[PDB]
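Shown next: coords_10.csv, given as CSV, C-alpha atoms (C1' of nucleotides).
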```
chain,number,residue,atom,x,y,z
A,433,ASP,CA,38.3,-53.6,-67.8
A,434,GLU,CA,41.0,-55.8,-66.5
A,435,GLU,CA,40.3,-58.6,-68.9
A,436,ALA,CA,41.2,-56.4,-71.9
A,437,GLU,CA,44.8,-56.0,-70.5
A,438,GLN,CA,47.7,-58.5,-70.1
A,439,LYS,CA,47.8,-58.7,-66.3
A,440,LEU,CA,48.1,-62.5,-66.0
A,441,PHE,CA,51.6,-62.3,-64.6
A,442,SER,CA,50.8,-65.2,-62.3
A,443,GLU,CA,52.2,-67.9,-64.4
A,444,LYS,CA,52.0,-70.3,-61.4
A,445,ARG,CA,48.2,-69.8,-61.3
A,446,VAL,CA,48.0,-70.1,-65.1
A,447,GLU,CA,49.8,-73.5,-65.0
A,448,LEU,CA,47.7,-74.7,-62.0
A,449,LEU,CA,44.4,-73.8,-63.8
A,450,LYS,CA,45.6,-75.4,-67.1
A,451,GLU,CA,46.5,-78.6,-65.2
A,452,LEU,CA,43.2,-78.5,-63.4
A,453,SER,CA,41.2,-78.2,-66.7
A,454,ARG,CA,42.7,-81.5,-67.9
A,455,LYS,CA,41.2,-83.4,-65.0
A,456,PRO,CA,37.9,-85.0,-65.9
A,457,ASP,CA,35.6,-84.1,-63.0
A,458,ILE,CA,36.5,-80.4,-62.9
A,459,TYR,CA,33.2,-79.6,-64.6
A,460,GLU,CA,31.2,-81.2,-61.7
A,461,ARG,CA,33.7,-79.6,-59.3
A,462,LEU,CA,32.9,-76.2,-60.7
A,463,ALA,CA,29.2,-77.0,-60.3
A,464,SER,CA,30.1,-78.0,-56.7
A,465,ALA,CA,32.2,-74.8,-56.1
A,466,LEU,CA,29.6,-72.4,-57.5
A,467,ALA,CA,27.5,-72.4,-54.4
A,468,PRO,CA,28.5,-74.2,-51.1
A,469,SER,CA,25.3,-73.3,-49.2
A,470,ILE,CA,22.9,-74.6,-51.9
A,471,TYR,CA,21.3,-78.0,-52.1
A,472,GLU,CA,21.6,-81.1,-54.4
A,473,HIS,CA,20.2,-79.3,-57.5
A,474,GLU,CA,23.3,-79.8,-59.6
A,475,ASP,CA,21.6,-79.3,-63.0
A,476,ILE,CA,20.5,-75.8,-62.0
A,477,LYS,CA,24.0,-74.8,-60.9
A,478,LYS,CA,25.5,-76.3,-64.1
A,479,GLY,CA,23.1,-74.2,-66.1
A,480,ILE,CA,24.1,-71.1,-64.2
A,481,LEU,CA,27.8,-71.8,-64.8
A,482,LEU,CA,27.2,-72.2,-68.5
A,483,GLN,CA,25.3,-68.9,-68.3
A,484,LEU,CA,28.4,-67.3,-66.7
A,485,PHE,CA,30.7,-68.6,-69.4
A,486,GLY,CA,28.4,-67.5,-72.2
A,487,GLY,CA,28.6,-68.1,-75.9
A,488,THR,CA,31.0,-66.7,-78.5
A,489,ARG,CA,30.3,-63.2,-79.6
A,490,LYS,CA,30.5,-63.6,-83.3
A,491,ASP,CA,30.3,-60.7,-85.8
A,492,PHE,CA,27.6,-60.8,-88.5
A,493,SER,CA,27.5,-57.2,-89.7
A,494,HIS,CA,28.8,-58.2,-93.1
A,495,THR,CA,25.9,-60.6,-93.5
A,496,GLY,CA,23.3,-58.0,-93.0
A,497,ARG,CA,21.4,-60.2,-90.6
A,498,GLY,CA,22.1,-57.9,-87.6
A,499,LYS,CA,23.2,-58.8,-84.1
A,500,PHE,CA,23.1,-62.4,-83.0
A,501,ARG,CA,22.3,-63.0,-79.3
A,502,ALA,CA,25.3,-64.8,-77.8
A,503,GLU,CA,24.1,-65.0,-74.2
A,504,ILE,CA,21.9,-67.4,-72.2
A,505,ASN,CA,18.4,-66.7,-70.8
A,506,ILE,CA,17.1,-69.1,-68.2
A,507,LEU,CA,13.7,-69.6,-66.6
A,508,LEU,CA,12.8,-71.4,-63.4
A,509,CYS,CA,9.1,-72.2,-62.9
A,510,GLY,CA,8.0,-73.7,-59.6
A,511,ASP,CA,6.1,-73.3,-56.3
A,512,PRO,CA,7.1,-70.4,-54.0
A,513,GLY,CA,8.2,-73.0,-51.4
A,514,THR,CA,11.5,-73.6,-53.2
A,515,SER,CA,15.0,-72.1,-53.4
A,516,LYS,CA,14.8,-70.2,-56.8
A,517,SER,CA,14.8,-66.9,-55.0
A,518,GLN,CA,18.0,-67.7,-53.1
A,519,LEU,CA,19.6,-68.7,-56.4
A,520,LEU,CA,18.6,-65.3,-57.9
A,521,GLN,CA,20.0,-63.5,-54.8
A,522,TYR,CA,23.3,-65.4,-55.0
A,523,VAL,CA,23.7,-64.7,-58.7
A,524,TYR,CA,22.9,-61.0,-58.1
A,525,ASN,CA,25.5,-60.8,-55.3
A,526,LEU,CA,28.2,-62.8,-57.2
A,527,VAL,CA,28.4,-61.1,-60.6
A,528,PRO,CA,29.3,-57.4,-61.2
A,529,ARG,CA,26.8,-55.3,-63.2
A,530,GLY,CA,23.8,-57.1,-61.8
A,531,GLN,CA,20.2,-55.9,-61.4
A,532,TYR,CA,17.1,-57.3,-59.7
A,533,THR,CA,13.5,-56.5,-60.5
A,534,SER,CA,10.4,-58.1,-58.9
A,535,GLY,CA,6.9,-58.2,-60.4
A,536,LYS,CA,4.7,-55.1,-60.8
A,537,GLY,CA,7.2,-52.9,-59.0
A,538,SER,CA,8.7,-51.9,-62.3
A,539,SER,CA,7.1,-50.1,-65.2
A,540,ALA,CA,7.7,-50.1,-69.0
A,541,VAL,CA,9.3,-46.6,-68.8
A,542,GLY,CA,11.3,-47.6,-65.7
A,543,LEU,CA,13.2,-50.0,-67.9
A,544,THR,CA,15.0,-48.8,-71.1
A,545,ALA,CA,15.3,-45.0,-70.6
A,546,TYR,CA,13.2,-42.0,-69.6
A,547,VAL,CA,13.1,-38.3,-70.3
A,548,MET,CA,14.5,-36.0,-67.5
A,549,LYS,CA,15.7,-32.5,-66.8
A,550,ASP,CA,18.5,-31.8,-64.4
A,551,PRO,CA,17.7,-30.4,-61.0
A,552,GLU,CA,21.2,-28.8,-60.9
A,553,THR,CA,21.6,-27.7,-64.6
A,554,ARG,CA,19.2,-26.9,-67.4
A,555,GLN,CA,18.7,-30.3,-69.1
A,556,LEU,CA,19.7,-33.9,-69.1
A,557,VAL,CA,17.5,-35.2,-72.0
A,558,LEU,CA,17.6,-38.9,-71.3
A,559,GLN,CA,18.4,-41.2,-68.4
A,560,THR,CA,19.0,-44.9,-68.5
A,561,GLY,CA,16.8,-47.5,-66.8
A,562,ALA,CA,17.3,-50.9,-65.3
A,563,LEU,CA,17.9,-52.9,-68.5
A,564,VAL,CA,20.6,-50.5,-69.9
A,565,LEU,CA,22.5,-50.4,-66.7
A,566,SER,CA,22.6,-54.2,-67.0
A,567,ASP,CA,24.4,-54.0,-70.3
A,568,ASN,CA,27.0,-56.8,-70.5
A,569,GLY,CA,25.6,-58.0,-67.2
A,570,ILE,CA,22.8,-60.1,-65.6
A,571,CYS,CA,19.2,-59.1,-64.9
A,572,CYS,CA,17.2,-61.2,-62.5
A,573,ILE,CA,13.4,-60.9,-62.9
A,574,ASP,CA,11.2,-62.3,-60.1
A,575,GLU,CA,7.4,-62.7,-60.1
A,576,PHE,CA,7.5,-62.8,-63.9
A,577,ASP,CA,3.8,-63.7,-64.1
A,578,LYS,CA,2.5,-60.4,-62.5
A,579,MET,CA,4.3,-58.2,-65.1
A,580,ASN,CA,1.8,-56.6,-67.5
A,581,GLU,CA,1.8,-56.9,-71.3
A,582,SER,CA,3.3,-53.4,-71.7
A,583,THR,CA,6.6,-54.4,-70.2
A,584,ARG,CA,6.5,-57.8,-71.9
A,585,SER,CA,6.3,-55.8,-75.2
A,586,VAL,CA,9.7,-54.3,-74.3
A,587,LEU,CA,11.1,-57.6,-73.3
A,588,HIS,CA,10.2,-59.1,-76.6
A,589,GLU,CA,12.7,-56.9,-78.5
A,590,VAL,CA,15.2,-56.8,-75.7
A,591,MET,CA,15.5,-60.6,-75.4
A,592,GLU,CA,16.3,-61.0,-79.1
A,593,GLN,CA,17.7,-58.0,-80.9
A,594,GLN,CA,20.0,-56.9,-78.0
A,595,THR,CA,19.0,-53.3,-78.9
A,596,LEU,CA,16.4,-50.7,-78.0
A,597,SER,CA,14.8,-48.1,-80.2
A,598,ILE,CA,13.4,-44.9,-78.6
A,599,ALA,CA,11.4,-42.4,-80.6
A,600,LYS,CA,9.8,-39.5,-78.7
A,601,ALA,CA,9.6,-35.7,-79.0
A,602,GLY,CA,13.1,-34.6,-80.1
A,603,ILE,CA,14.6,-37.9,-79.0
A,604,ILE,CA,15.3,-40.6,-81.6
A,605,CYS,CA,18.0,-43.1,-80.6
A,606,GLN,CA,19.2,-46.7,-80.5
A,607,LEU,CA,20.8,-48.2,-77.4
A,608,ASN,CA,22.6,-51.4,-76.5
A,609,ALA,CA,21.1,-53.7,-74.0
A,610,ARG,CA,23.3,-56.8,-74.2
A,611,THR,CA,22.0,-58.4,-71.0
A,612,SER,CA,21.3,-62.0,-69.8
A,613,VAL,CA,18.0,-62.8,-68.2
A,614,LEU,CA,17.3,-65.0,-65.2
A,615,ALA,CA,13.5,-65.3,-64.8
A,616,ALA,CA,11.5,-66.9,-62.0
A,617,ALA,CA,7.8,-67.9,-62.4
A,618,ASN,CA,5.1,-69.6,-60.4
A,619,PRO,CA,2.2,-71.9,-61.3
A,620,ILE,CA,-1.2,-70.2,-61.8
A,621,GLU,CA,-2.7,-72.0,-58.8
A,622,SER,CA,0.6,-71.6,-56.9
A,623,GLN,CA,0.6,-75.5,-57.1
A,624,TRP,CA,1.7,-77.7,-59.9
A,625,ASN,CA,-1.7,-79.4,-60.4
A,626,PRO,CA,-0.9,-82.7,-62.2
A,627,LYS,CA,-4.3,-82.8,-64.0
A,628,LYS,CA,-3.5,-79.7,-66.0
A,629,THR,CA,-0.8,-79.8,-68.6
A,630,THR,CA,2.5,-77.9,-68.5
A,631,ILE,CA,1.4,-75.1,-70.8
A,632,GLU,CA,-1.9,-74.7,-68.9
A,633,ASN,CA,0.1,-74.6,-65.6
A,634,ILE,CA,2.6,-72.0,-66.9
A,635,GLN,CA,0.2,-69.8,-68.8
A,636,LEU,CA,2.6,-67.8,-70.9
A,637,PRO,CA,2.5,-67.0,-74.6
A,638,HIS,CA,4.7,-69.3,-76.8
A,639,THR,CA,6.5,-66.4,-78.3
A,640,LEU,CA,7.9,-65.4,-74.9
A,641,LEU,CA,8.6,-68.9,-73.9
A,642,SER,CA,10.5,-69.9,-77.1
A,643,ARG,CA,13.3,-67.4,-76.4
A,644,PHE,CA,14.3,-69.0,-73.1
A,645,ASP,CA,17.4,-71.2,-73.5
A,646,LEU,CA,16.6,-73.5,-70.5
A,647,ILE,CA,13.4,-74.0,-68.6
A,648,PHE,CA,13.6,-75.7,-65.1
A,649,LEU,CA,10.3,-77.2,-63.9
A,650,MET,CA,10.8,-77.5,-60.2
A,651,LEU,CA,8.8,-80.4,-58.9
A,652,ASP,CA,8.4,-82.1,-55.5
A,653,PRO,CA,9.0,-85.8,-55.6
A,654,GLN,CA,8.7,-86.4,-51.8
A,655,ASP,CA,11.6,-88.9,-51.7
A,656,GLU,CA,12.7,-90.0,-48.2
A,657,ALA,CA,16.4,-89.7,-49.1
A,658,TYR,CA,15.8,-86.1,-50.3
A,659,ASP,CA,14.1,-85.2,-47.0
A,660,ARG,CA,16.8,-86.7,-44.9
A,661,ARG,CA,19.6,-85.1,-46.9
A,662,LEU,CA,18.0,-81.6,-46.9
A,663,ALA,CA,17.1,-81.8,-43.2
A,664,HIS,CA,20.6,-82.8,-42.3
A,665,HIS,CA,22.2,-80.1,-44.5
A,666,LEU,CA,19.9,-77.3,-43.2
A,667,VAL,CA,20.4,-78.2,-39.6
A,668,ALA,CA,24.1,-78.6,-40.0
A,669,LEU,CA,24.2,-75.0,-41.4
A,670,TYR,CA,23.8,-74.0,-37.8
A,683,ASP,CA,39.0,-71.7,-53.4
A,684,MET,CA,36.9,-68.7,-54.3
A,685,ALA,CA,39.9,-66.8,-55.7
A,686,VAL,CA,40.9,-69.8,-57.9
A,687,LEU,CA,37.4,-70.0,-59.2
A,688,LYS,CA,37.4,-66.3,-60.0
A,689,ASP,CA,40.7,-66.5,-61.8
A,690,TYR,CA,39.7,-69.6,-63.8
A,691,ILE,CA,36.4,-68.0,-64.9
A,692,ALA,CA,38.1,-64.8,-65.9
A,693,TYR,CA,40.8,-66.6,-67.8
A,694,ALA,CA,38.4,-68.9,-69.7
A,695,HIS,CA,36.1,-66.0,-70.4
A,696,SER,CA,38.9,-63.8,-71.8
A,697,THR,CA,41.3,-66.1,-73.5
A,698,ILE,CA,39.5,-68.7,-75.7
A,699,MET,CA,37.2,-68.6,-78.8
A,700,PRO,CA,35.2,-71.8,-79.3
A,701,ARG,CA,34.7,-73.2,-82.8
A,702,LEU,CA,33.1,-76.4,-84.0
A,703,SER,CA,33.7,-78.9,-86.8
A,704,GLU,CA,31.3,-80.9,-89.1
A,705,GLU,CA,30.8,-83.6,-86.5
A,706,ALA,CA,29.2,-81.1,-84.1
A,707,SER,CA,27.2,-79.6,-87.0
A,708,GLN,CA,25.6,-83.0,-87.9
A,709,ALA,CA,25.0,-83.8,-84.2
A,710,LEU,CA,23.2,-80.4,-83.8
A,711,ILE,CA,21.1,-81.1,-86.9
A,712,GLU,CA,20.1,-84.6,-85.6
A,713,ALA,CA,19.3,-83.1,-82.2
A,714,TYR,CA,17.1,-80.5,-83.9
A,715,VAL,CA,15.1,-82.9,-85.9
A,716,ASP,CA,14.7,-85.2,-82.9
A,717,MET,CA,13.5,-82.3,-80.8
A,718,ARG,CA,11.0,-81.4,-83.5
A,719,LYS,CA,9.7,-85.0,-83.6
A,720,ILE,CA,9.4,-85.1,-79.8
A,721,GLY,CA,7.8,-81.6,-79.3
A,722,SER,CA,5.2,-82.1,-82.1
A,723,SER,CA,2.7,-83.7,-79.8
A,724,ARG,CA,0.2,-81.3,-78.2
A,725,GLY,CA,0.3,-80.8,-74.4
A,726,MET,CA,4.0,-80.3,-74.2
A,727,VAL,CA,6.0,-77.2,-75.1
A,728,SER,CA,6.6,-77.2,-78.9
A,729,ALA,CA,10.0,-76.7,-80.5
A,730,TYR,CA,11.1,-73.8,-82.7
A,731,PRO,CA,14.2,-73.1,-84.8
A,732,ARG,CA,15.6,-70.8,-82.0
A,733,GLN,CA,16.2,-74.0,-79.9
A,734,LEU,CA,18.9,-74.9,-82.4
A,735,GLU,CA,20.7,-71.7,-81.7
A,736,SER,CA,20.2,-72.3,-78.0
A,737,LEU,CA,21.9,-75.7,-78.4
A,738,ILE,CA,24.8,-74.0,-80.3
A,739,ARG,CA,25.2,-71.5,-77.4
A,740,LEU,CA,25.2,-74.2,-74.7
A,741,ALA,CA,27.7,-76.3,-76.7
A,742,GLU,CA,30.0,-73.3,-77.0
A,743,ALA,CA,29.8,-72.6,-73.3
A,744,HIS,CA,30.6,-76.2,-72.5
A,745,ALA,CA,33.6,-76.0,-74.9
A,746,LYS,CA,34.7,-72.9,-72.9
A,747,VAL,CA,34.5,-74.9,-69.7
A,748,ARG,CA,37.0,-77.4,-70.9
A,749,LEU,CA,39.4,-74.6,-72.1
A,750,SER,CA,39.0,-76.0,-75.6
A,751,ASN,CA,39.0,-74.0,-78.8
A,752,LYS,CA,37.4,-76.9,-80.6
A,753,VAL,CA,33.9,-78.1,-79.8
A,754,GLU,CA,33.6,-81.8,-79.6
A,755,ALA,CA,30.6,-84.1,-79.9
A,756,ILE,CA,30.8,-84.5,-76.1
A,757,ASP,CA,29.8,-80.9,-75.6
A,758,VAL,CA,26.8,-81.3,-78.0
A,759,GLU,CA,25.7,-84.5,-76.3
A,760,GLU,CA,26.0,-82.8,-72.9
A,761,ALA,CA,24.0,-79.8,-74.2
A,762,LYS,CA,21.3,-82.1,-75.5
A,763,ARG,CA,21.2,-84.0,-72.2
A,764,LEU,CA,20.8,-80.7,-70.3
A,765,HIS,CA,18.0,-79.6,-72.6
A,766,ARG,CA,16.2,-82.8,-72.3
A,767,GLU,CA,16.5,-83.0,-68.5
A,768,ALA,CA,15.6,-79.4,-67.8
A,769,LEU,CA,12.1,-79.8,-69.3
A,770,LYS,CA,11.6,-83.3,-67.8
A,771,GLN,CA,10.5,-84.6,-71.2
A,772,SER,CA,11.6,-88.1,-70.3
A,773,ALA,CA,9.1,-88.6,-67.4
A,774,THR,CA,6.4,-86.5,-69.1
A,775,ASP,CA,3.7,-88.5,-70.9
A,776,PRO,CA,4.1,-87.5,-74.6
A,777,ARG,CA,0.4,-87.8,-75.6
A,778,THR,CA,-1.2,-86.3,-72.5
A,779,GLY,CA,1.2,-83.6,-71.4
A,780,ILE,CA,1.2,-84.7,-67.7
A,781,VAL,CA,4.4,-85.2,-65.7
A,782,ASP,CA,4.7,-88.5,-63.9
A,783,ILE,CA,7.2,-90.0,-61.5
B,1,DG,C1',37.2,88.3,-37.4
B,2,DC,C1',38.8,86.6,-41.7
B,3,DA,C1',41.7,83.3,-44.2
B,4,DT,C1',43.2,78.5,-44.4
B,5,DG,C1',43.8,73.4,-43.0
B,6,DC,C1',41.7,69.4,-42.4
B,7,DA,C1',39.8,65.3,-39.7
B,8,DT,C1',34.9,63.5,-40.5
B,9,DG,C1',31.4,62.1,-43.6
B,10,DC,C1',28.6,60.2,-47.5
B,11,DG,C1',27.1,57.5,-52.0
B,12,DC,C1',28.0,53.7,-56.1
B,13,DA,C1',31.0,50.4,-58.2
B,14,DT,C1',33.7,45.7,-58.2
B,15,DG,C1',35.5,41.2,-55.9
B,16,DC,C1',34.5,37.0,-53.4
B,17,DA,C1',32.6,33.4,-50.4
B,18,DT,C1',28.1,31.0,-49.5
B,19,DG,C1',23.8,30.1,-51.0
B,20,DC,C1',19.9,28.8,-54.4
B,21,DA,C1',17.4,26.4,-58.3
B,22,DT,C1',16.6,22.0,-61.6
B,23,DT,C1',14.9,17.6,-62.6
B,24,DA,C1',11.6,11.0,-66.4
B,25,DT,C1',13.3,6.9,-68.4
B,26,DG,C1',14.6,2.3,-68.8
B,27,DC,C1',14.8,-2.5,-66.9
B,28,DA,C1',13.3,-6.5,-63.6
B,29,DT,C1',9.9,-9.8,-61.3
B,30,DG,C1',5.9,-12.5,-60.1
B,31,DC,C1',1.2,-14.2,-61.6
B,32,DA,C1',-1.7,-17.1,-65.5
B,33,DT,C1',-1.8,-20.5,-68.6
B,34,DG,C1',-0.5,-23.7,-72.7
B,35,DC,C1',1.9,-28.3,-74.0
B,36,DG,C1',4.2,-32.8,-73.4
B,37,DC,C1',4.6,-36.7,-70.3
B,38,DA,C1',4.1,-40.6,-67.0
B,39,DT,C1',1.5,-42.6,-63.1
B,40,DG,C1',-2.7,-44.3,-61.7
B,41,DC,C1',-7.8,-45.1,-61.1
B,42,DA,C1',-12.0,-46.6,-62.8
B,43,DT,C1',-14.9,-49.0,-66.2
B,44,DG,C1',-16.3,-52.4,-69.2
B,45,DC,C1',-16.7,-57.8,-71.4
```

Starting from the coordinates I provided, produce the structure as structure tokens.
Amino acid sequence: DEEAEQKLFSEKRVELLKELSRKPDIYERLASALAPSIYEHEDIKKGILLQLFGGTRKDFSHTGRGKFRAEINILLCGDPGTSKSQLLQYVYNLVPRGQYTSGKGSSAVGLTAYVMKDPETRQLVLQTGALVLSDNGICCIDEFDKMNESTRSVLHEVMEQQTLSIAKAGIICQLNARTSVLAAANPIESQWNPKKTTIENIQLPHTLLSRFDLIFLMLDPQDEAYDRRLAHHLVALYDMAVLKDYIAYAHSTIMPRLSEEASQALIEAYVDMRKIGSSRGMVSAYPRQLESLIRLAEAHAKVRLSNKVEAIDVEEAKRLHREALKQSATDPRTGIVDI
DNA sequence: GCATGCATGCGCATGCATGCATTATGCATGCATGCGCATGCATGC
């Protein structure tokens, strides 16, 4: 509501933020300022920040293609003994229009919309569910494995078309569900067994997996430095307004666009990804990953307060995509992660 | 003693306060049950 009005009278703050944006490390600083009480996992926080900024909402109605998903969906797969749940809680508590669902607790009709009748008046034909209330917001799904196929059928259309179609007795309608999904998942054995491959560990259909922009495979390296740092931080546990204003300004004042250099970099990244993901055992690549790269590049361009996407943004997006899946350490011909 | 006056007396009409006779039809509410819906339990393979 406030973004659609010219209430940025604070020219002092505008100048301060525009000067901050020109500093080189501000990106990392934002990743540092997103969560003070959270650990060394900077890549996860960077991904969440890029999710917050979001891609450009282009208009393609004249093309006839339909709506194009401009938002970011992220998945975190790992053992229960990690901090993904705390990240979901923080994102729920930080962003307005946030919703949180957990496992089998929700049903297919609980999402989207359901038929009702008023207890005070005669009728109220339809009532919105969890996903529609999350329109233009964030939905955090936990225990994604336990969800039945009936709800995943709904998620299939929600995650791509940004719309819902409901056809029941005397009720035919289309609704907008422009949400962004943060999903959490566990290994089938509740352990990341290294003998089994990544796909066998996750056990999800490839159609559902392909739509996630970023996948974070949380793994335990058992490094001594990690143990010391985490122990010291956790025992020692015993400007937000500036960040808010900067995020709002960037989110409401700049439209990213890219030149031919970014185009060719994206095409090269796509063919390289297809070459790498061809081998069985690892998660294969699909054309939607190209669009995911485009969205991440546009978000990174928004971070720098730039209307022009540079090759730096595309390279950073490629770096994040490569590092999230741990494809560097993973054995390309056996599908087993190594250290 | 007879002639006259006359206060008493009786029967049928109207006027006026009380009293007497008359009298089914239309609309609303709770019990029984169909029809659409979502959850949930049980049963295979």

Using all atoms listed in the file, which residues sit within 10 Å of residue 697 of chain A once same-chain residues fewer than 2 positions away are excluded, as an MDAnalysis selection string? chainID A and resid 435:436 692:695 699 746 749 751

Show me which bits of chain B are within 9 Å of chain A, counting only C-alpha atoms (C1' of nucleotides), as a PyMOL selection string. chain B and resi 36-38

Using all atoms listed in the file, can you tell me which of A:619, A:528, A:510, A:498 comes closest to residue 568 of chain A?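 Checking each candidate against residue 568 of chain A, we get A:528 as the closest.
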
Atom pair atom CA of residue 534 of chain A / atom CA of residue 634 of chain A: separation (Å): 17.8 Å

Which residues are close to residue 777 of chain A, i.e. within 10 Å by all atoms listed in the file, leaving aside same-chain residues fewer than 6 positions away? Reply as number ranges by chain. A: 722-726

Please, what distance in Å, to one decimal, runs between atom CA of residue 716 of chain A and atom CA of residue 625 of chain A? 28.4 Å

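Interatomic distance, atom CA of residue 579 of chain A against atom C1' of residue 43 of chain B: 21.3 Å.
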
When you count all atoms listed in the file, which of these residues is closest to residue 451 of chain A: A:653, A:587, A:690, A:743? A:690

Please, which residues are within 7 Å of (3.7, -72.5, -58.1) by the file's coordinates, counting all atoms listed in the file, and could they come as a PDB file with C-alpha atoms, in the frame of the given file?
```pdb
ATOM      1  CA  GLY A 510       8.000 -73.700 -59.600  1.00  0.00           C
ATOM      2  CA  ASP A 511       6.100 -73.300 -56.300  1.00  0.00           C
ATOM      3  CA  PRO A 512       7.100 -70.400 -54.000  1.00  0.00           C
ATOM      4  CA  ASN A 618       5.100 -69.600 -60.400  1.00  0.00           C
ATOM      5  CA  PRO A 619       2.200 -71.900 -61.300  1.00  0.00           C
ATOM      6  CA  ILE A 620      -1.200 -70.200 -61.800  1.00  0.00           C
ATOM      7  CA  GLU A 621      -2.700 -72.000 -58.800  1.00  0.00           C
ATOM      8  CA  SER A 622       0.600 -71.600 -56.900  1.00  0.00           C
ATOM      9  CA  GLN A 623       0.600 -75.500 -57.100  1.00  0.00           C
ATOM     10  CA  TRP A 624       1.700 -77.700 -59.900  1.00  0.00           C
TER      11      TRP A 624
END
```

From the list A:520, A:670, A:696, A:583, the nearest residue to residue 433 of chain A using only C-alpha atoms is A:696
